[PDB]
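Before any questions on binding or motion, here is one chain by itself as C-alpha coordinates, the form deposited in one PDB entry.
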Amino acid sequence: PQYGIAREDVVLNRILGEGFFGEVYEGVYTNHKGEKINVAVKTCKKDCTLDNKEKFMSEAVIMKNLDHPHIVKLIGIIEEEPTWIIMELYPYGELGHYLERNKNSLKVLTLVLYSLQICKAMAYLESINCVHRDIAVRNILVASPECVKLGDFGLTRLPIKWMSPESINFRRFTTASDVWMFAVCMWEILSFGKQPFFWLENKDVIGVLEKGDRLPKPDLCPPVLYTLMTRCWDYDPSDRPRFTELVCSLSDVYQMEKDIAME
(Lines give C-alpha, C1' and ligand atoms only; values in the text may rest on other atoms or scores of the structure.)
Protein backbone atom coordinates (compact mmCIF):
# COMPACT_ATOMS: atom_id res chain seq x y z
CA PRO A 1 0.00 0.00 0.00
CA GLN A 2 1.04 3.59 -0.42
CA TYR A 3 -0.44 5.23 2.64
CA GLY A 4 -0.32 9.00 3.11
CA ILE A 5 0.25 11.66 0.48
CA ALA A 6 3.07 12.57 -1.85
CA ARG A 7 3.71 16.12 -3.14
CA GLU A 8 3.24 14.66 -6.64
CA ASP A 9 -0.37 13.84 -5.75
CA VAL A 10 -1.15 17.56 -5.27
CA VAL A 11 -1.33 20.42 -7.73
CA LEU A 12 -1.92 24.14 -6.82
CA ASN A 13 -4.28 26.05 -9.09
CA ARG A 14 -5.10 29.41 -7.46
CA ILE A 15 -4.88 31.53 -4.34
CA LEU A 16 -7.67 30.89 -1.87
CA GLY A 17 -6.91 33.53 0.83
CA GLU A 18 -4.45 34.31 3.63
CA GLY A 19 -4.64 32.00 6.60
CA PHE A 20 -3.25 32.83 10.05
CA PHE A 21 0.20 31.30 9.34
CA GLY A 22 0.39 31.77 5.61
CA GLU A 23 -1.31 31.62 2.25
CA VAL A 24 -3.86 28.97 1.48
CA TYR A 25 -4.24 27.69 -2.07
CA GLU A 26 -7.00 25.90 -4.03
CA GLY A 27 -5.94 22.73 -5.72
CA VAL A 28 -6.51 19.15 -6.64
CA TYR A 29 -5.34 16.09 -4.86
CA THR A 30 -5.20 12.81 -6.76
CA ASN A 31 -6.33 9.79 -4.74
CA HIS A 32 -4.78 6.46 -3.87
CA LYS A 33 -7.62 5.16 -6.11
CA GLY A 34 -7.11 7.84 -8.81
CA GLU A 35 -9.99 10.19 -7.77
CA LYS A 36 -9.41 13.98 -8.01
CA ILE A 37 -10.28 15.67 -4.71
CA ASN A 38 -10.51 19.49 -4.58
CA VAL A 39 -8.44 20.73 -1.63
CA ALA A 40 -7.39 23.80 0.31
CA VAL A 41 -3.65 23.62 0.85
CA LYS A 42 -2.46 25.56 3.86
CA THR A 43 1.13 26.82 4.10
CA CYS A 44 3.30 28.45 6.73
CA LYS A 45 5.28 31.65 5.92
CA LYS A 46 8.95 30.78 5.28
CA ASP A 47 10.02 33.74 7.45
CA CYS A 48 7.98 32.97 10.57
CA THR A 49 9.42 32.02 13.97
CA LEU A 50 10.10 28.42 15.05
CA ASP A 51 7.34 28.87 17.63
CA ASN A 52 5.01 29.66 14.74
CA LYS A 53 6.19 26.77 12.61
CA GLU A 54 5.57 24.55 15.60
CA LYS A 55 2.06 25.88 16.32
CA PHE A 56 1.16 25.46 12.61
CA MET A 57 2.11 21.79 12.93
CA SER A 58 0.56 21.45 16.41
CA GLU A 59 -2.80 22.61 15.03
CA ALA A 60 -2.47 20.35 11.97
CA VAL A 61 -1.87 17.19 14.02
CA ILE A 62 -4.91 17.86 16.15
CA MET A 63 -7.03 18.45 13.03
CA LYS A 64 -5.68 15.15 11.66
CA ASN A 65 -7.00 13.37 14.74
CA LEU A 66 -10.41 15.11 14.74
CA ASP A 67 -13.19 13.25 12.95
CA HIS A 68 -16.58 14.90 12.97
CA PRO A 69 -19.06 15.43 10.15
CA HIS A 70 -19.26 19.11 11.16
CA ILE A 71 -15.62 19.93 11.61
CA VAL A 72 -13.41 20.72 8.58
CA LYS A 73 -11.74 17.56 7.23
CA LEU A 74 -7.92 17.22 7.13
CA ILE A 75 -6.96 14.91 4.29
CA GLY A 76 -3.21 14.78 4.80
CA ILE A 77 0.05 16.41 5.72
CA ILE A 78 3.29 16.93 3.78
CA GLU A 79 5.87 17.86 6.47
CA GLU A 80 8.95 18.25 4.29
CA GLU A 81 10.26 21.14 2.11
CA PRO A 82 7.46 23.70 2.15
CA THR A 83 5.08 22.08 4.63
CA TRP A 84 1.60 21.53 3.13
CA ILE A 85 -1.57 20.89 5.11
CA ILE A 86 -4.12 19.42 2.70
CA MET A 87 -7.68 20.10 3.82
CA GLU A 88 -10.94 19.32 2.07
CA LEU A 89 -12.09 22.32 -0.01
CA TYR A 90 -15.56 23.66 0.80
CA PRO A 91 -16.70 25.36 -2.38
CA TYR A 92 -19.31 27.66 -0.86
CA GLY A 93 -16.79 29.49 1.37
CA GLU A 94 -17.42 31.18 4.75
CA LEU A 95 -20.84 31.00 6.38
CA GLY A 96 -21.00 34.74 7.12
CA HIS A 97 -20.70 35.64 3.41
CA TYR A 98 -22.94 32.75 2.36
CA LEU A 99 -25.65 34.03 4.77
CA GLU A 100 -25.28 37.65 3.51
CA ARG A 101 -25.62 36.46 -0.09
CA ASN A 102 -28.57 34.11 0.48
CA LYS A 103 -30.45 36.10 3.09
CA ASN A 104 -33.58 36.35 0.97
CA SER A 105 -33.83 32.58 0.29
CA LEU A 106 -32.75 30.87 3.51
CA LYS A 107 -35.56 29.56 5.70
CA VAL A 108 -35.39 29.61 9.53
CA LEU A 109 -35.30 25.76 9.38
CA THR A 110 -31.86 25.88 7.77
CA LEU A 111 -30.48 28.47 10.17
CA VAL A 112 -31.45 26.27 13.11
CA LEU A 113 -29.91 23.27 11.30
CA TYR A 114 -26.52 25.03 10.93
CA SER A 115 -26.70 25.96 14.64
CA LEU A 116 -27.45 22.34 15.54
CA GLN A 117 -24.64 21.08 13.36
CA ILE A 118 -22.08 23.39 14.99
CA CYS A 119 -23.48 22.51 18.42
CA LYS A 120 -22.80 18.79 17.67
CA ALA A 121 -19.25 19.54 16.62
CA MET A 122 -18.90 21.42 19.95
CA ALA A 123 -20.43 18.57 22.00
CA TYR A 124 -17.74 16.36 20.46
CA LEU A 125 -14.99 18.87 21.39
CA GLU A 126 -16.49 19.06 24.92
CA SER A 127 -16.27 15.28 25.28
CA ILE A 128 -12.46 15.72 25.18
CA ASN A 129 -12.38 19.05 27.03
CA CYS A 130 -10.93 20.64 23.90
CA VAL A 131 -11.80 24.35 23.84
CA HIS A 132 -12.37 26.09 20.50
CA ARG A 133 -11.63 29.78 20.72
CA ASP A 134 -13.25 30.86 17.42
CA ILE A 135 -16.84 29.70 17.04
CA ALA A 136 -17.90 32.45 14.59
CA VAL A 137 -19.53 32.57 11.17
CA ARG A 138 -16.27 33.82 9.54
CA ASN A 139 -14.66 30.57 10.75
CA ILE A 140 -17.30 28.10 9.62
CA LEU A 141 -17.26 26.73 6.04
CA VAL A 142 -20.26 25.73 3.96
CA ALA A 143 -19.86 22.26 2.54
CA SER A 144 -23.34 22.21 0.95
CA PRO A 145 -26.62 24.16 1.41
CA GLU A 146 -27.46 21.67 4.17
CA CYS A 147 -24.02 21.11 5.74
CA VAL A 148 -21.62 23.40 7.61
CA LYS A 149 -18.22 22.69 9.08
CA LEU A 150 -16.55 24.42 12.00
CA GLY A 151 -13.12 25.77 11.09
CA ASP A 152 -9.64 24.84 12.33
CA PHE A 153 -8.00 28.00 13.63
CA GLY A 154 -8.93 28.81 17.24
CA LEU A 155 -8.53 25.12 17.86
CA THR A 156 -3.39 39.47 20.95
CA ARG A 157 -6.25 40.72 18.63
CA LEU A 158 -9.10 38.86 20.43
CA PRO A 159 -12.72 38.48 19.30
CA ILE A 160 -13.95 40.68 22.15
CA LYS A 161 -17.55 40.93 20.81
CA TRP A 162 -17.85 37.09 20.81
CA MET A 163 -16.25 36.43 24.26
CA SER A 164 -17.73 35.62 27.70
CA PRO A 165 -17.20 38.10 30.58
CA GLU A 166 -14.63 35.73 32.14
CA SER A 167 -12.69 35.64 28.87
CA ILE A 168 -12.62 39.42 28.54
CA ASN A 169 -11.82 40.05 32.18
CA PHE A 170 -9.41 37.21 32.99
CA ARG A 171 -8.47 35.54 29.67
CA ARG A 172 -10.17 32.44 31.11
CA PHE A 173 -11.36 30.11 28.36
CA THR A 174 -13.27 26.92 29.27
CA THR A 175 -16.16 24.82 27.89
CA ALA A 176 -18.63 27.21 29.48
CA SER A 177 -16.91 30.17 27.69
CA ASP A 178 -17.35 28.23 24.44
CA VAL A 179 -21.09 27.87 25.27
CA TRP A 180 -21.30 31.70 25.55
CA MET A 181 -19.36 32.11 22.29
CA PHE A 182 -21.48 29.45 20.56
CA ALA A 183 -24.71 31.38 21.39
CA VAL A 184 -23.11 34.51 19.88
CA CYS A 185 -22.45 32.44 16.76
CA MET A 186 -26.16 31.41 16.76
CA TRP A 187 -27.04 35.06 16.95
CA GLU A 188 -24.84 35.81 13.88
CA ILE A 189 -26.44 32.96 12.00
CA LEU A 190 -30.00 34.03 12.77
CA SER A 191 -29.05 37.63 11.93
CA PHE A 192 -27.70 36.57 8.51
CA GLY A 193 -24.13 37.41 9.47
CA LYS A 194 -24.32 40.69 11.29
CA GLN A 195 -21.40 41.31 13.63
CA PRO A 196 -22.45 41.07 17.29
CA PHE A 197 -22.51 44.52 18.97
CA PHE A 198 -21.71 46.16 15.64
CA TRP A 199 -23.09 49.34 17.27
CA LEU A 200 -20.39 49.33 19.94
CA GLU A 201 -16.62 49.73 20.05
CA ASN A 202 -14.59 46.85 21.61
CA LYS A 203 -13.83 48.83 24.78
CA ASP A 204 -17.57 49.29 25.44
CA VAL A 205 -18.52 45.58 25.33
CA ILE A 206 -17.53 44.40 28.80
CA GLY A 207 -19.29 47.28 30.54
CA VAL A 208 -22.53 46.55 28.67
CA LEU A 209 -22.26 42.85 29.58
CA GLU A 210 -21.54 43.70 33.25
CA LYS A 211 -24.86 45.66 33.12
CA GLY A 212 -26.90 42.53 32.19
CA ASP A 213 -27.46 43.81 28.68
CA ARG A 214 -27.36 41.30 25.81
CA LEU A 215 -27.63 40.93 22.04
CA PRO A 216 -31.29 41.47 21.17
CA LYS A 217 -33.37 38.75 19.49
CA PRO A 218 -32.94 38.64 15.68
CA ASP A 219 -36.19 39.23 13.80
CA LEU A 220 -36.46 35.65 12.48
CA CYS A 221 -35.13 33.98 15.65
CA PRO A 222 -37.88 31.89 17.35
CA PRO A 223 -38.53 33.08 20.94
CA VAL A 224 -37.73 29.55 22.20
CA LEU A 225 -34.37 29.78 20.52
CA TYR A 226 -33.70 33.23 21.97
CA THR A 227 -34.46 31.92 25.47
CA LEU A 228 -31.87 29.27 24.78
CA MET A 229 -29.34 31.93 23.69
CA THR A 230 -30.16 33.86 26.86
CA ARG A 231 -29.26 30.88 29.04
CA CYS A 232 -25.96 30.53 27.23
CA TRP A 233 -25.33 34.19 28.20
CA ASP A 234 -25.73 33.64 31.94
CA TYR A 235 -23.03 35.77 33.62
CA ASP A 236 -22.31 32.82 35.89
CA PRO A 237 -20.57 30.11 33.80
CA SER A 238 -21.92 27.28 36.11
CA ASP A 239 -25.46 28.21 35.17
CA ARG A 240 -24.89 27.89 31.39
CA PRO A 241 -26.09 24.68 29.65
CA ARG A 242 -23.57 22.11 28.55
CA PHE A 243 -23.23 21.33 24.92
CA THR A 244 -24.92 17.89 25.32
CA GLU A 245 -28.06 19.57 26.64
CA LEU A 246 -27.95 22.23 23.87
CA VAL A 247 -27.87 19.47 21.23
CA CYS A 248 -31.14 18.11 22.78
CA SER A 249 -32.84 21.50 22.88
CA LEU A 250 -31.71 22.42 19.37
CA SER A 251 -32.76 19.06 18.02
CA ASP A 252 -36.27 19.88 19.37
CA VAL A 253 -36.35 23.35 17.97
CA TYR A 254 -35.09 22.00 14.63
CA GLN A 255 -37.76 19.22 14.52
CA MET A 256 -40.44 21.82 15.31
CA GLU A 257 -39.25 24.24 12.67
CA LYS A 258 -39.16 21.40 10.16
CA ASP A 259 -42.79 20.35 10.96
CA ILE A 260 -43.91 23.97 10.71
CA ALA A 261 -42.29 24.37 7.27
CA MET A 262 -43.55 20.99 5.88
CA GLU A 263 -47.18 21.83 6.75
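Whichever C-alpha set is largest while still superposing within 1.5 Å between the two forms counts as the rigid core. Heads up: residue numbers just count along the shown sequence, starting at 1.
Not on display, but discussed next: the form deposited in another entry.
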Report summary line: Just one entry of 225, 60, 232, 215 has its C-alpha move 2 Å or more between this form and the one not shown under rigid core superposition, and it is 60
Query - C-alpha of residue 194 off by 2 Å or more between this form and the one not shown on rigid core - result: no
**Report entry** Rigid core superposition, residue 70 Cα moves 2 angstroms or more between this form and the one not shown
**Finding:** no
Query raised in the report: Taking the rigid core as reference, does the Cα of residue 33 move 2 Å or more between this form and the one not shown?
Result: yes
